[PDB]
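Shown next: entry.cif, given as mmCIF, C-alpha atoms.
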```cif
data_final
#
loop_
_atom_site.label_atom_id
_atom_site.label_comp_id
_atom_site.auth_asym_id
_atom_site.auth_seq_id
_atom_site.Cartn_x
_atom_site.Cartn_y
_atom_site.Cartn_z
CA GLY A 26 -24.17 9.89 -20.01
CA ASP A 27 -23.46 13.66 -20.31
CA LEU A 28 -19.69 13.37 -19.73
CA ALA A 29 -19.11 11.03 -22.73
CA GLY A 30 -17.55 12.61 -25.82
CA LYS A 31 -15.37 15.58 -26.76
CA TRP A 32 -15.21 18.89 -24.99
CA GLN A 33 -13.67 22.17 -26.09
CA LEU A 34 -11.92 23.95 -23.21
CA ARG A 35 -13.18 27.49 -23.84
CA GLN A 36 -11.87 29.38 -20.88
CA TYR A 37 -9.87 29.32 -17.65
CA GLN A 38 -11.12 31.29 -14.67
CA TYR A 39 -8.17 31.73 -12.44
CA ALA A 40 -8.34 31.80 -8.65
CA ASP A 41 -6.86 35.36 -8.63
CA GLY A 42 -9.86 36.62 -10.72
CA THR A 43 -8.23 36.55 -14.18
CA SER A 44 -10.11 34.89 -17.07
CA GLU A 45 -8.55 33.76 -20.36
CA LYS A 46 -10.07 32.30 -23.51
CA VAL A 47 -8.54 28.99 -24.74
CA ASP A 48 -9.11 27.77 -28.25
CA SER A 49 -6.64 24.94 -28.67
CA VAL A 50 -7.48 22.28 -26.03
CA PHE A 51 -10.03 19.46 -26.33
CA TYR A 52 -10.76 16.83 -23.64
CA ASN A 53 -12.31 13.49 -24.48
CA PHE A 54 -13.99 11.04 -22.10
CA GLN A 55 -14.89 7.53 -23.26
CA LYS A 56 -15.85 4.84 -20.64
CA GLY A 57 -12.78 5.51 -18.44
CA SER A 58 -10.41 6.48 -21.28
CA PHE A 59 -9.19 10.07 -21.27
CA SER A 60 -7.45 11.91 -24.03
CA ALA A 61 -6.65 15.59 -24.68
CA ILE A 62 -5.92 17.01 -28.12
CA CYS A 63 -3.82 20.16 -28.05
CA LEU A 64 -3.43 22.28 -31.20
CA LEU A 65 0.06 23.74 -31.43
CA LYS A 66 0.83 27.19 -32.93
CA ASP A 67 2.89 25.27 -35.58
CA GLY A 68 -0.29 23.60 -36.99
CA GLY A 69 0.63 20.37 -35.17
CA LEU A 70 -1.62 18.13 -33.11
CA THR A 71 -0.31 16.77 -29.77
CA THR A 72 -2.41 14.18 -27.91
CA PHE A 73 -2.11 13.24 -24.24
CA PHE A 74 -3.60 9.97 -22.99
CA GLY A 75 -4.84 8.73 -19.69
CA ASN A 76 -7.75 7.51 -17.64
CA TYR A 77 -10.41 9.05 -15.45
CA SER A 78 -12.63 7.83 -12.61
CA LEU A 79 -15.67 9.36 -10.89
CA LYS A 80 -16.45 9.56 -7.14
CA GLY A 81 -19.43 11.68 -6.11
CA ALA A 82 -19.03 15.15 -7.74
CA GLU A 83 -15.28 14.65 -8.27
CA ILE A 84 -13.31 13.46 -11.33
CA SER A 85 -9.80 12.08 -10.98
CA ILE A 86 -7.74 12.18 -14.20
CA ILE A 87 -4.45 10.29 -14.43
CA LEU A 88 -2.19 10.61 -17.45
CA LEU A 89 0.15 7.90 -18.73
CA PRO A 90 3.90 8.26 -18.04
CA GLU A 91 4.53 8.84 -21.79
CA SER A 92 2.12 11.87 -21.70
CA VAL A 93 3.81 13.09 -18.45
CA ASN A 94 7.21 12.84 -20.26
CA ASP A 95 5.87 14.71 -23.38
CA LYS A 96 7.91 17.87 -24.26
CA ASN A 97 4.63 19.91 -24.12
CA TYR A 98 3.39 18.37 -20.82
CA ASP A 99 3.89 21.60 -18.73
CA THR A 100 2.30 23.77 -21.43
CA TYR A 101 -1.07 22.04 -21.12
CA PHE A 102 -1.04 20.05 -17.86
CA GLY A 103 2.05 20.06 -15.63
CA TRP A 104 0.19 17.97 -13.00
CA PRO A 105 2.33 16.35 -10.29
CA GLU A 106 2.65 12.57 -11.02
CA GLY A 107 0.31 13.12 -14.03
CA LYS A 108 -2.71 13.28 -11.69
CA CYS A 109 -5.43 15.81 -10.81
CA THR A 110 -8.74 15.48 -8.96
CA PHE A 111 -11.27 18.10 -10.02
CA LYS A 112 -14.59 19.17 -8.55
CA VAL A 113 -17.38 18.90 -11.14
CA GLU A 114 -19.13 22.23 -10.59
CA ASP A 115 -21.39 21.72 -13.58
CA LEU A 116 -22.26 18.94 -15.95
CA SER A 117 -24.99 18.83 -18.59
CA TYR A 118 -24.97 17.38 -22.11
CA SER A 119 -23.55 20.70 -23.49
CA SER A 120 -21.68 22.26 -20.51
CA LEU A 121 -18.82 21.10 -18.23
CA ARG A 122 -17.16 23.10 -15.42
CA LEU A 123 -14.16 21.66 -13.55
CA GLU A 124 -12.53 23.24 -10.47
CA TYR A 125 -9.11 22.66 -8.87
CA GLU A 126 -7.64 24.93 -6.11
CA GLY A 127 -9.90 27.89 -7.15
CA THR A 128 -9.18 27.67 -10.91
CA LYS A 129 -12.09 26.75 -13.18
CA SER A 130 -11.77 24.93 -16.55
CA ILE A 131 -14.88 25.87 -18.64
CA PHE A 132 -15.93 23.49 -21.49
CA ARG A 133 -18.60 23.17 -24.20
CA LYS A 134 -19.51 19.93 -25.90
CA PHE A 135 -17.67 19.61 -29.25
#
```
Can you give me the file's structure in the form of structure tokens?
Amino acid sequence: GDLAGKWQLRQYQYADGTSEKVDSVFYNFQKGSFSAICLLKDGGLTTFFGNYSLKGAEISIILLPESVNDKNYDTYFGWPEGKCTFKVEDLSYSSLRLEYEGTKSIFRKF
């Protein structure tokens, strides 16, 4: 469907009203498999791996222990137990909007 493929995380809209552009994070969804490519300042490419499941308008992402133990885990995720359930505020073939505790993750299809 629309969720399948790669997504560039363009912006965070924080619960306190702050917005910040992101240009280094890419989420990928492929039939339950989740992966996130993060582009480091040093020209490096760090990838986190996990799974995702859907229930109504919610998406639960769970990262593998190895991704949770990654030295850059708190830079890009920092989720307790490598898990986060997001509200899908918007999904179309080109747009994705995820919400968790007032913070929005804004994506465009890549």
| message | Give me the residues near region 31-37 of chain A as a PyMOL selection string, where near means some atom within 9 Å (using only C-alpha atoms) and where sequence neighbours in that chain fewer than 3 positions away do not count. | response | chain A and resi 28+43-55+61+119-121+128-135
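Between CA of residue 88 (chain A) and CA of residue 107 (chain A) lies a distance of 4.9 Å.
Interatomic distance, CA of residue 117 (chain A) to CA of residue 30 (chain A): 12.1 Å.
When the PyMOL selection byres ((chain A and resi 126) around 10) is evaluated on the file shown here, the picked residues come out as residues 39, 40, 110, 111, 112, 124, 125, 127, 128 and 129 of chain A.
One distance worth recording is that between CA of residue 93 (chain A) and CA of residue 116 (chain A), which is 26.8 Å.
Applied to this file, the PyMOL selection byres ((chain A and resi 73) around 7) selects residues 60, 61, 62, 71, 72, 74, 75 and 92 of chain A.
Across A:103, A:90, A:26, A:83, the tightest approach to residue 115 (chain A) is made by A:83 when counting all atoms listed in the file.
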Put a box with edges along x, y and z around all the listed atoms of region 106-111 of chain A, pad it by 4 Å on each side, then give me its centre and sizes in Å, one decimal, as JSON.
```
{"center_x": -4.3, "center_y": 15.3, "center_z": -11.5, "size_x": 21.9, "size_y": 13.5, "size_z": 13.1}
```
| message | Calculated over all atoms listed in the file, which of the candidates A:81, A:70, A:63, A:114 has the smallest distance to residue 102 (chain A)? | response | A:63
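Considering the residues A:94, A:59, A:79, A:38 and counting all atoms listed in the file, residue 122 (chain A) has its shortest atom-to-atom contact with A:38.
With distances restricted to only C-alpha atoms, A:65 is the closest residue to residue 100 (chain A) from A:29, A:123, A:65, A:82.
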Applying 7 Å and all atoms listed in the file, which residues near residue 109 (chain A) remain after dropping the ones on its own chain fewer than 2 positions away? List them as a compact mmCIF listing (two decimals) with C-alpha atoms, in the frame of the given file.
```txt
# COMPACT_ATOMS: atom_id res chain seq x y z
CA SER A 85 -9.80 12.08 -10.98
CA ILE A 86 -7.74 12.18 -14.20
CA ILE A 87 -4.45 10.29 -14.43
CA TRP A 104 0.19 17.97 -13.00
CA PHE A 111 -11.27 18.10 -10.02
```
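Using only C-alpha atoms, the smallest distance between any of A:101, A:96, A:84, A:89 and residue 113 (chain A) comes from A:84.
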